[PDB]
Every structure is written in structure tokens, then in C-alpha cells.
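Reviewing the structure listed below.
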Amino acid sequence: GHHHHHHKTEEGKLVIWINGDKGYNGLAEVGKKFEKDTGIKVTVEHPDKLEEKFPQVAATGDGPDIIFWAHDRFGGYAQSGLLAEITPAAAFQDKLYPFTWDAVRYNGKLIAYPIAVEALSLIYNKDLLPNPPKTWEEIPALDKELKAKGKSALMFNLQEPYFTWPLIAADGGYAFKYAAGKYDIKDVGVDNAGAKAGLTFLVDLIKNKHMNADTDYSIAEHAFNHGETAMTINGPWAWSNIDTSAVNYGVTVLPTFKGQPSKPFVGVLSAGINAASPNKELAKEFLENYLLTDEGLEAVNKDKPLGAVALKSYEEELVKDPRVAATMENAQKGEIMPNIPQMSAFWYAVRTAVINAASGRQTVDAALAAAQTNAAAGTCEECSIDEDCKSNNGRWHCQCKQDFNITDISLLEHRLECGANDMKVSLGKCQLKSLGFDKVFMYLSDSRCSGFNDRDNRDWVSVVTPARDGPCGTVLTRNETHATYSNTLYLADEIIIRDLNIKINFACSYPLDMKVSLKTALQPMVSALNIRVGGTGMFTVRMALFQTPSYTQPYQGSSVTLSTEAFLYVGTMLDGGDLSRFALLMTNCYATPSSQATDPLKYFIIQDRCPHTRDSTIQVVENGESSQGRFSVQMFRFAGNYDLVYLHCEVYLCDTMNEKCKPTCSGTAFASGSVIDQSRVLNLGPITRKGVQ
Amino acid sequence: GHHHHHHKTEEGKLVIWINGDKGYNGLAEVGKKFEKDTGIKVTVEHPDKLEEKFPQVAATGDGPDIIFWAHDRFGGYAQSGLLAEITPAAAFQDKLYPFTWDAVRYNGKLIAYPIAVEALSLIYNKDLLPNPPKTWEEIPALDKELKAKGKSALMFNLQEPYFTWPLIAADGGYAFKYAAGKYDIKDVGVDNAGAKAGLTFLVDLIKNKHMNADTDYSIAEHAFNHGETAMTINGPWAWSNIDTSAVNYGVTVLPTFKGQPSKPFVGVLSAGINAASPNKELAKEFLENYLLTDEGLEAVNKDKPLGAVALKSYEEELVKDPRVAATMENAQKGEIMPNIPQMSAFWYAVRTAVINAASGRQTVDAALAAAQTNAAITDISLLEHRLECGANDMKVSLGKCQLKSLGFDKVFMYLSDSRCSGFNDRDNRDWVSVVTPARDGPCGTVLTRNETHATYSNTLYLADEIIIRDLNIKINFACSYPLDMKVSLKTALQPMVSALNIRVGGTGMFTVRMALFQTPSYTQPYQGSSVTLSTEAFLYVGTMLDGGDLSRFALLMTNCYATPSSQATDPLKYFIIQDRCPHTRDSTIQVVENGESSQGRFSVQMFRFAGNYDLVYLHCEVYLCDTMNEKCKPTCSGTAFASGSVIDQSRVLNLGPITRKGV
Ligand SMILES: OC[C@H]1O[C@H](O[C@H]2[C@H](O)[C@@H](O)[C@@H](O)O[C@@H]2CO)[C@H](O)[C@@H](O)[C@@H]1O
Ligand SMILES: OC[C@H]1O[C@H](O[C@H]2[C@H](O)[C@@H](O)[C@@H](O)O[C@@H]2CO)[C@H](O)[C@@H](O)[C@@H]1O
Ligand SMILES: *[C@@H]1O[C@H](CO)[C@@H](O)[C@H](O)[C@H]1NC(C)=O
Ligand SMILES: *[C@@H]1O[C@H](CO)[C@@H](O)[C@H](O)[C@H]1NC(C)=O
Ligand SMILES: *[C@@H]1O[C@H](CO)[C@@H](O)[C@H](O)[C@H]1NC(C)=O
Ligand SMILES: [Zn+2]
Ligand SMILES: [Zn+2]
């Protein structure tokens, strides 16, 4: 007997959200194992701002069955009843460390499964520095030293407060005072001396050009991984990218500040179950039986490291690695995050205060003051990066930052969205509003198509144009495969009455569908072949001839006529079933002097999936790659004896799962493939010479 | 015998240059037979760097009458007009394979005679191992195993790029892109990922002491023939030395790299005629009558193997040997060398990249970059950005010249994942492009859904230096697609849906689903076990078949109706679709899709329809309609239908309750 019996005839499913920076593939593999055993499928998807999006959808009774995050968010969900209560047997609970269970406990109830323990650690290049700086104060020396070598000392994400927090709290800065076994929200440690010291040091570092304020995760990763930075600050999940990198690296404790250790907020990677989920039992089985296991966490950790796991058995072995040991050493120096809801607001309040102090929009005192005032305020979560959250006597509100520093380049930063029938270009609203823009922010080649405040995203100001030639001065450009719709975005120096000239040429390229070209034609010349697949499958292959190199504007009527130098553009299309499963392959294409496809005289354009020769007389654009295929032939230059010829194409449906369809053509011919299945042949003709202007 | 008439009182001589690794003796023997018949002397010499030496002497109106080499060089000579045009009869051309003639063709003219087809093959001791390693990745293991015996696994010449090329080209590597029937010289495939993979693997091989970077032809041949190496990689011309050796050997296909086959550059051994020679006629007779023949090639091939010959007659018999067959198999995997002149410059650029990466003088990136380069201010500030949204992929492209105009000395761009890096993109314009799948989570791509649409977005970082300066730019790009009904239904956590299992042919299992949707796009399905509607609200219903390929069938909804009770058999029915057609001609009912596809879709204003009752249940009878007769999609002329309707309850899907807003 098998496990599969209990879940048989399941209409149930399992949907998982996790941040893409952790290993999704290992989790997916565990999903494949779960699918193997139980016969139930498991999906893993990464939405933008998933921790923020989850509550929104979850409120409506929709979302993933499982959500992965650091515990600090979870209690915020629990307060809203978005998380189903976990109630595992003691035997199971005993397998994980109690503090990891404490992290996920909220208001007495377990709202999630602890997975792993996350703490920021100091990552450095072993080749570049043998001994890393043990303190923060000695880094500027290193940077000044390394600046001569054409490199930098330290680069790490400055955009997320998670990364800058440890230095701030190093001297005793804190989020929410823990008192009488409970967190006090009206007691906030943001504006004290230690925070100011840490942040002042950070600002003083970036002011000295030791680090750029524009630096983010991606940039720092890229910089460090190319060995152009001596060290960075990060968690286990990064390591996977460094291993593959030629960089020889090491992980140790963060540097001290004022003789005090860096105090990182320690996260617990945790898996919550949606309260709306019908699948809760399956989720519990999956998480308990499969996800948390030596093998499972081995897999996930193998894709990307988890750091210190909550599972005792695997951890006891996993600690043997020095890096996670360093991660623990760091964690023990810092403090585990509160799971309370306010943490959502806190993080937002710091981020605003760090970037303002870094950009120089405010002093550390002013920034931290605003921060402390906004620490528990939930409204401030609604504010974008470029917005200040301002506190009135009555209530908090969002406001655009009053001052931006804009290079002639900064204006070129933009969002380009290519939709199916339309194109949209978007630019930051505040950066524009800063310059005195009330309205009519921007326009395209046609000045009548103007900017509007984006109805979806308050942050953006957007311009839209259909993707077709002639509205809003949009322009179409075709090549054999694709149709590219392009336009230019002008910025208006008028309303602001100040001149800095920039324009952005943007374009959306879409694949060309010849079936549309055929449907557009009143009476196109086309041959069709129905192909039955198995009991229930049915497919259709069509072959048609086109007047243009774009493979558009097909010939109409019962005959085609060519100039001596003319190119015939042939194309083939597949319909029915999954166009993904099968790829359209043209196995043998040839011409005959007669109408019979069985003609003893065959002139092969394509033979054995490959061109008959390398001459320009035959050009094959698309074969075996997709649902369509395309090739051109100069017909009467290729076969010249005859005043007309007929065209024949043998076609085969290529399963892309079990065989690779795209042919490899060496330019050496066997001529052993002369066997043709006439049931698979499409025929078109006659193809005649003009003989008249 | 009677040939003697056309040659009497003979004069002049014939001088031939050919590489010494091929049979010099056989060619000379044929030359001596030619001398016997014609009474004209023929000299055969093998100079050092003969291919480089030929143009030098040829420029002065001095040199050999005939030159033997791979075709890739010849177009370089032809461009210099050092080669006389050959004009053999069709009857003769039919005797050799056309592609061999295509190789020797340049700018429309045939500049030389094809002799043989050469491709690198994997030579191994058949006695030593029954089956050779099928991949490159497993070689270090074999070597480590063989390291205990005081020997090595694989040794071959690393000095000539010709021998190392296949691994480089195994994964997506290429010299010159073949487009519109001609080779593109400004389109170069040297700096791509696969080449880097292969060459990096090679460096990693020599770094592990599995093979010495100093290894050359002599060393590998001498070593393998003496049994100090288990296997090597080489062409036919080497075999002659292995045959005499007591070693029992075999020849097979090169090992795969990254799941893809090795693509050796396939050479065509070819004989060109000097343009300065008055003796061209004699050269032509020599090449046509004697050199290319069963008897002629027999001598040369018997002396040393030519591999697969261009001559049909001799090849047809010669294929029966497994070695040349393996050589053919290898040839079929790779691609023939372009005949263009630039190849002369190419080989020089790669050779530098092979030795520099091996010795450790440069990184693979630097070497391949330099090679690729060798192969081929600001007033207003503007940028060129092109986004291509494919079905399975996205490509983002930025124009080079604009980046230069914007003051970028060098271009580094990448996505959220720094592992995804830009490459040089050749189109109607020269671009720098990055590619990513259109699904979320590779390359740090992220999904954003709204009720109607699934939007896949990512950020493109663009900067001059890896260490970031004051100038760095980032560009957010996104591809938004409409949501599929099935997908919308499958994505939903707890959608309201009714399902019916169907068997077809008694084989396999399929199902039919009916579900309710909040949007006119038929997306954003209702959640829960019940739906509640305003009096004026529109219920968007859809029905789809799932669980495998039903493509031969179109989903047809014959009768769809509402009942005040939960019973589908209720005598009181309000018909939305009756006799396959919409009950009313009004905006109150719209049937979007019926009998057309695997899906069906319709909207109804439910409570103007149901009237007096504050709740209803929805019922849809469904059938698989065979589309072969093309009668499936129903035609509705008028709103008048028979009240009597025959319904099979086994095919009816039921959903409810559907309740009115405000009690
Ligand atoms: O910086 C604010 C952010 O910090 C934490 O998120 C971390 C997370 O702990 C790590 O697992 C890793 O993924 O990096 C994240 C930040 O980039 C908090 O969990 C989160 O609520 C908070 O917004
Ligand atoms: O390595 C560069 C070199 O490769 C080719 O020459 C080959 C030749 O094609 C083979 O037949 C073999 O036997 O000898 C050479 C080994 O490299 C190119 O034809 C030549 O121009 C180039 O220098
Ligand atoms: C110029 O912009 C940068 C980055 O924002 C920063 O130095 C600051 O915002 C501006 N300069 C000053 C002196 O404030
Ligand atoms: C056609 O142009 C598009 C961009 O406009 C490009 O992505 C595609 O590769 C081009 N087709 C070919 C065959 O090069
Ligand atoms: C959903 O988002 C897409 C992505 O741009 C947009 O095109 C569409 O208009 C949006 N639909 C609604 C109903 O907001
Ligand atoms: Zn089970
Ligand atoms: Zn003669």
C-alpha cells in the first residue's frame, strides 16, 4: 500500500508565497516529493512586496495557503486573524528549539511554523583582506587605502533599515522597550544617543565617499561578487551567489562600534497558514512531514543557505559549518524581533529617517525625531519612498519630499510597461512636482497625449499610447519575426519655465502572428492539414505564402506570381491543443514541376529539417523553435528550368518534453531522408513567372 | 594508351604545397603516375606555416602551382586574387557532394577543388574501456582514477584553437553568425556564456593537473600511441600513426558539455590553383583525372587517412569503416568553417584567447572580450529603450550609441539578480540586451496581479563601473498579460466552482468546471460556498473543461438556467441559454463563448431575470461537441425558443446559492 490512497481524487491544492531571495527551487523539489507521494500539486510564487500584499488579499479571503517571512510581520496578521492557528503534537514541537517557537507565538497562540534563524553577518574577500576590520572606526582607513587600489572597503544595502539597524543599535538604540514581559509602544528608543551615534557614523561614512547613498542590495551584491569591494554585510541567503562566484570569501562577526557590538535584529524565517485556506490539513502535512526534516531543509539549504535552522536534528549537524556559527555568534549579539504589529510601522519610520539623513534632506536629530514620532503610526506605511510622513496635532499624513537632487541623468530613470494592446511610460510624481509641475507633466511625439497622475499607483505619473501606428505619433517597425511599436517621451520645460533637455525613446516589441495576417486577408492562398493526436487530440497545420519579408500581406487567389529575382516568403502555423507542448517543425520542403507532391522530380528547399544548401537562395528564419515556422526562397533562381512550380511541405509535431526539436545543421547532407509521409504534406501552387510588367 | 596523343614534347613543372600531417607520399605517387602518363614532373613539399607562407610568395608572382589546405583560408586568398577560378563540367561537379562545392565557392566563383572533409573525433582505447565517457564533466573523475596509475585520462593539443574549439562551441558558441544566407562579420559569438563555460572548464581542467597546459600535438600523439594516455581528440590524419602502433583503438563522438554536443569546426581539405601559374590546365587535369578517383584517393588514404572524402564513389565504400563514420557523426554535430577572409583574423584572435586563459595571463572574460573586439560629444541627453515581451520570455534592450552619447566609457548592466548580465545584441540596430523568463523569481523578476491582469516586472541596473560612481541608472520594465479564466480559477484560494468528472474513451480522466466571476474579463472569481449580488449586478459565468487534451472537442452549453430552489429538477426554471441559444436579445444576457472552444463564457443580470425570488441556483448542461464537422458553434436567429426542453441531469453542473443583496 501507498500514501497516495488518502489524498486520491483530490480537488485540493497548495499555493506558497516566499521571497525570491531564499531558495525557491529546493522548496519546489520538496513540493515535487510531496506531489510524488500524495499526488497533490504544489505552487511557489513570488509577488512584489508579498509581505505587504498578503494582508490585503487575505482580508478578502484569498491568497496563498502558505506565507513565508520573518516573524516580525506575522503577529500583525494574527491581530487581523489572517493566520490559522497552529497546533502540532508535542512530539513535533520538541523537534524545534523553543525560542523559535516563541518567535511565532502571538497572544498565546502559535500562528506559524518556525523554519530558520536569520542574522546579518560580515562577509569579506579572503584574497583581498586576510583579516577584516574588527571595528567600524577603522573602515575609513581601509577605504582610503583601497581607493588607491581602485576598489572600495564596504558596500551593503543602504535602502532597507534591516541592514543599517545593527550599527544604530550597537550603542543601545532600540525599537520598542521590553517591559514586564511585554512591549511598550509608547516607549521608543529611536531618538536616543546610541542611535544618533550609529547613524551619524554611517552618514559620516557616506559623506566621505566611502559608500554611496544610492547603493542597494543588487548593486552591493554585484559589486562584492566581482571582487571590487573588500566586504559587505548580509545573511546566509546571499552565500549561494558568492560560492559560484570566483571570489574566495569568508563570514565573521560584524565590526564593533564604540567598543559595543553591532546589534542586528534577528529574524526567524517562518511559515504561516492562511486562515481562509480550505487546504490547511495538507499545508500542515506538507510543512510538518516534509518541509521540516533533515532531507527537506537539506534541499532548501542546498539551493540557498537558510542559516541556522529551527530543527534540532539538522541544526546540530549544520552548526559544524563556520559560517552559520558566525551567523549565530552575530545573532546572539543582536536581539530577536518583536512579532507585534507596530514593527510594520517601525521599519517604515526608520527607512524614511535613514535615507533623509543620508541624502542630507534632514539632520540625524530631525530625522530621528520624525522617526520616533512616526514609529507606531500605521498611516506612515501608506507613504512611498519619495514621500515624507508628517505628523500634525490631530493626525499623520503623507507628503511629497520637498527637495530632490536631480542629475540630467536622474530624469531618465523611468518605468516602461508593454501591455498587449497598449504601452505605458511612468515617472516619479514627487520628483516632478518638486520642479513646479501642477499639470501637463509630460507628452509624447504628439503633444496632445499628455501625463496624468496614475490611477493605480499614486507614486507614478504616467503616459499611455496604444501600440499601433499613428495614434500619439507611435511608429511601427517590422522584421520577419516581430512588430516593434516605438515612440519618444518629451518632458515639458514650459510650465516650469526652466530648461534642462531630456527625451526618452521607448519601444514595445511583440511577436508577429501570421494567422492574424491570414484572417485579415479577404481570400488568402493557404493550405490546411488536420492532424489527429491520440484519442482526444486534434491539431491543424496551415501553410501560406507572403508578399513581404515581414511575413505579412499574404498572396490572394489560386496562383502566385514571382519576378526572376523575387523571394517567396513561406510560413506555417499550428493550431489546436497546447501550442506549448508541441513545436511546429518543417521536415522536408520542396518544389515540383508538376502539381503532384509525389513527382519524381523534387527540388529540396529543406531536407531532413535543414536547408538543402547555404546559398542565399534559401533562408530559414524559424523551424522547430515554436508554434510557427518561416522560411524564404528565391524560387525561380533556385529552380529555373520551369515557367511554374508547385510547393510542398512535410510537417511534424515535435514534443518538446521528450525530444529537442530545433535542428542542428552542419552543412553536410545525407540524402537518406527521401522518405516522405504524404499525409503530413501541405501543398500550394502554382507558382508562376510574371512574363509581363 | 591513346592518351599519349594529347601530351607530346612536354614542358614545365608542377609544384604543390600541402601540410605534412596528411599523406605526402600518396599525393607524390599520384604525381609520379601523372608524370608517367604526361611526362611532366610534379614536386610535393610541406613547408612550416605553409598557409601563412603561401600569400607572401604568391604576391610576387612566385610560389607553388597548387596549394592544399582547409577551405576557411582560401577566401582570404581569393579576395587577394591569388587563386584562379576553377570551372569543371557539371558532369564532374555531380561527382562530389554539393556542400563541399559550397565551401569552396566565394562571391559566386569556385576558387578551389574539394578533396576531403575533416572533423575532429574522439579517439579512445577500445581494449582499455568498453565505453568512453559521454560528457566533459566526468573526465576529472576518470583522470583522478587514472592519476593513481601514474598516467592521465585525456591529452590533446591546447595550442591550436581548432582542437579546443568544440568545447567552446559546444554550448551556444560561434565564430560568425550565419544570417540571410551569408556570414556576418560584425556579429561575433566569442564573448557569450557557453564559450566562457567551455574555456573556463578547460582552465579548470588544466588547473587540476588532469592535463598539462603545455600539451601539444606531438605530446598527445606520442603519449597516446605509447599508452600513457587512455584517450585523445583528433582528426583522421593522426590515425595513421595509431594503426602501426600495437595499441588497439576506436573512434567515436566527442563528449557532451552542459548537455549539449561538441560542435567541432568542420574543415574541407581543398586544393587551390595559383593564379600566376601558366600550367593551370595541367594542374586541372592532375586534380580531376588522377587525384580525385577511387584509385587516386586509395593511395593517399592508404598512406594516411583523409577522413570522409568529398568524392561520392570513394566515400560510398569508405563509410563502411566506423572511424570515418564517427568523423561524419562529429561533423554533423558541428558547423563548417566559413570561407570568408576574416577567418584569417578570427583564428589569430581565438588562439590568443586560448593560451592567455590557460596560462592565467588573463581572465576568460578579458580574453574572449579582446578576441571578440579583434574579430571586428554630448549636447542633448536621451536614452533608447526597447522591451520585448514574448510568451515564455522577456528581453530588455538599450542602444549603445546613446549610452556612449550619455558618457558611458564601458557598459555594465544587470537585473535585480546580478547574475543576469547584459550581452551584445545584433539587430537592425546594435543593442545591449538582457533576457529573462516571463515568469516570477528567476533573475529577481516579480509578479504583480490585479483582477484583470498578471504583470511581470523587473529592474534593470545600468552603470559605468562595478564600483558605483555618482552616475548610475536604474530602469524598471514590465510585461503585463491578461489573465486566463482557467488560471484565474486555479490561482484562487477558495473559489466558488462546481466540477463534473468525465471519462472519454474509457481512457484517462477529465473534468468540466463551472465558476462565477466578478469581472467582465471573466477573472477574479467569487470566493466561498455562496455568492451575493445586488439587484442590478451582473453574474459572469464561465465553464471550462480540464485535465488533459480535449482539442478535438469544443465545449458546448446546451441549456443554462436558474431555479429558485437548489433542485436542478425544479419545475420553475428561468432559462438563460435554451436550445444552445441565448434566451433574450438584450444586454441582460450576453453569451460570449459557446461551442467555440475548451471554454465557454456568458453573463447574466440575475435578479431582473429571476424576478420575485431573492435567491437562485444556477444550472448548466454541458456536452463535448466534436468539431470535425465544424457545426459546433451554434447559430441563433431569434429570441423565440420552444418552452419544452429536454435536459440530461447527469451532464448538468450546479452552483449556489446565489442570494440577493439586502435580504
Ligand atoms: O528592512 C525592513 C524589513 O526588514 C526585515 O526584512 C528582512 C528579512 O528579515 C530578511 O529575511 C531578508 O529577507 O531581508 C529583509 C529586508 O530586505 C523585516 O522582516 C521586514 O518586516 C522589514 O520590512
Ligand atoms: O588552429 C587554427 C587553424 O585551424 C585550421 O587548420 C586546421 C585544419 O583545418 C585541419 O585540417 C588540421 O589538420 O590542421 C589544422 C589544425 O588547426 C584552419 O584551416 C587554419 O587556418 C587555422 O590556422
Ligand atoms: C545631491 O544628491 C545626492 C543624492 O541624493 C546628495 O548628495 C544630496 O541629496 C544632494 N546634495 C546635497 C549637498 O544635499
Ligand atoms: C526582430 O526584431 C526583434 C526586436 O524588434 C528582435 O527581438 C528579434 O530577434 C528580431 N528577429 C530576428 C530574426 O532577428
Ligand atoms: C490591471 O493592471 C494592468 C497592468 O498594467 C492594467 O493594464 C489594467 O488596466 C489593470 N486593470 C484594472 C481593472 O485596474
Ligand atoms: Zn498524507
Ligand atoms: Zn591529359
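Brief remarks on what is shown
- Some residue of segment B:349-370 being within 13 Å of another protein chain (Cβ to nearest Cβ), within 12 Å of ligand 2 (Cβ to nearest atom) and touching a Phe, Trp or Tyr at 6+ places or on another chain (Cβ under 9 Å): no
- Being away from ligand 6 (no atom under 16 Å from the Cβ), outside any helix (DSSP H, G or I) and under 31 Å from the mean Cα position of the chain (by Cα) is not true of residue A:344.
- Sole residue being more than 32 Å from the chain's Cα centre (by Cα), within 13 Å of ligand 2 (Cβ to nearest atom) and either within 14 Å of chain A (Cβ to nearest Cβ) or within 25 Å of residue B:346 (Cα to Cα) (or both), chosen from B:74, B:68: B:68
- Residue in segment B:185-192 that is in a loop (DSSP other than H, G, I, E, B), touching a helix residue (DSSP H, G or I) at 6+ places or on another chain (Cβ under 7 Å) and surrounded by 18 or more Cβ atoms within 10 Å (Cβ to Cβ) present: yes
- Complete set of residues in segment B:448-490 that are more than 7 Å from chain A (Cβ to nearest Cβ) and within 16 Å of ligand 3 (Cβ to nearest atom): B:463, B:469, B:470
- Residues of segment B:517-529 satisfying the condition of being under 42 Å from the mean Cα position of the chain (by Cα), within 25 Å of residue B:611 (Cα to Cα) and within 12 Å of chain A (Cβ to nearest Cβ): B:525
- Every residue from segment A:99-135 that is surrounded by fewer than 24 Cβ atoms within 10 Å (Cβ to Cβ), of a type in the set (S, T, N, Q) and in a strand (DSSP E or B): A:125, A:135
- Filter pass, residue A:388 being closer than 30 Å to residue B:380 by Cβ and away from chain B (no Cβ under 14 Å): no
- Residue in segment A:252-275 that is nearest to ligand 7 (Cβ to nearest atom), counting only those that are surrounded by fewer than 22 Cβ atoms within 10 Å (Cβ to Cβ) and not charged (D, E, K, R): A:252
- Top-ranked residue of segment A:352-374 - restricted to ones that are under 33 Å from the mean Cα position of the chain (by Cα) and surrounded by fewer than 18 Cβ atoms within 10 Å (Cβ to Cβ), ranked as nearest to ligand 6 (Cβ to nearest atom): A:359
- Boolean, residue B:490 is assigned to a helix (DSSP H, G or I), of a type in the set (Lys, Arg) and more than 16 Å from ligand 5 (Cβ to nearest atom): yes
- Whichever residue in segment A:562-584 is surrounded by fewer than 22 Cβ atoms within 10 Å (Cβ to Cβ) and within 12 Å of another protein chain (Cβ to nearest Cβ) and, among such residues, is farthest from residue B:597 (Cα to Cα): A:567
- Cβ-Cβ contacts under 6 Å between residues 6 or more apart (or on different chains), taken from a first residue in segment A:605-630 that is more than 9 Å from chain B (Cβ to nearest Cβ) to a second residue that is assigned to a loop (DSSP other than H, G, I, E, B) and surrounded by 21 or more Cβ atoms within 10 Å (Cβ to Cβ), are listed as A:629/A:623; A:630/A:551.
- Residue within segment B:33-42 that is away from ligand 1 (no atom under 16 Å from the Cβ) and under 44 Å from the mean Cα position of the chain (by Cα) present: no
- Test result for residue B:507, more than 16 Å from ligand 2 (Cβ to nearest atom) and under 30 Å from the mean Cα position of the chain (by Cα): no
- Every test in (1) away from chain B (no Cβ under 14 Å); (2) at positive phi is passed by residue A:227 save one, and that test is (1).
- Enumeration of residues in segment B:430-447 that are of a type in the set (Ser, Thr, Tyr) and either at the interface with chain A (Cβ under 10 Å from one of its Cβ atoms) or part of a loop (DSSP other than H, G, I, E, B) (or both): B:445
- Counting only residues that are more than 14 Å from chain B (Cβ to nearest Cβ) and either within 24 Å of residue A:512 (Cα to Cα) or touching a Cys at 6+ places or on another chain (Cβ under 9 Å) (or both), segment A:530-561 holds 15 of them.
- Only one entry in A:36, A:41, A:49 is in contact with a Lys or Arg (Cβ under 7 Å, 6 or more places away or on another chain) and within 30 Å of residue B:437 (Cβ to Cβ), namely A:41.
- Helices (runs of 4 or more DSSP H) (entirely within segment B:203-292) containing at least 1 residues that are hydroxyl-bearing (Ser, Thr, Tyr): B:217-225, B:236-244
- Pairing residues of segment B:206-226 that are surrounded by fewer than 17 Cβ atoms within 10 Å (Cβ to Cβ) with residues that are of a type in the set (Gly, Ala, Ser) and in a loop (DSSP other than H, G, I, E, B), at Cβ distances under 7 Å and at least 6 apart in sequence or on separate chains, gives no pairs at all.
- Each residue in segment B:38-57 was checked for being within 16 Å of ligand 7 (Cβ to nearest atom) and among the charged types (D, E, K, R), and 1 of them qualify.
- Residue A:693 meets all of the listed conditions (1) out of contact with any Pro (no Cβ under 8 Å at 6 or more places or on another chain); (2) within 12 Å of chain B (Cβ to nearest Cβ) but one, namely (2).
- Only listed residue being basic (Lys, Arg) and away from chain B (no Cβ under 14 Å), chosen from A:207, A:177, A:151: A:177
- Considering residues of segment B:375-416 that are among the acidic types (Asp, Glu) and over 22 Å from residue B:443 (Cα atoms) only, the residue surrounded by the fewest Cβ atoms within 10 Å (Cβ to Cβ): B:379
- In segment B:4-27, of all residues being buried (at least 20 other Cβ atoms within 10 Å of the Cβ) and more than 22 Å from residue B:62 (Cβ to Cβ), the one that is nearest to ligand 6 (Cβ to nearest atom) corresponds to B:22.
- Residue that is nearest to residue A:422 (Cα to Cα), among those in segment A:491-516 that are surrounded by fewer than 20 Cβ atoms within 10 Å (Cβ to Cβ) and facing another protein chain (nearest Cβ under 10 Å): A:510
- When residues in segment B:42-86 are screened for being in a loop (DSSP other than H, G, I, E, B), in contact with a helix residue (DSSP H, G or I) (Cβ under 7 Å, 6 or more places away or on another chain) and not aliphatic (A, V, I, L, M), 5 of them pass.
Residue-wise test of (1) under 30 Å from residue A:464 (Cβ atoms); (2) in contact with a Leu (Cβ under 7 Å, 6 or more places away or on another chain); (3) more than 16 Å from ligand 4 (Cβ to nearest atom).
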site	(1), (2), (3)
A:503	yes, yes, yes
A:528	no, no, yes
A:537	no, no, yes
A:543	no, yes, yes
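Using ideal geometry, Cβ is built from the backbone for each residue, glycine included, and neighbour counts are taken over all protein chains shown. Read the figures in this text as sums done on the coordinates, not as results from a lab.
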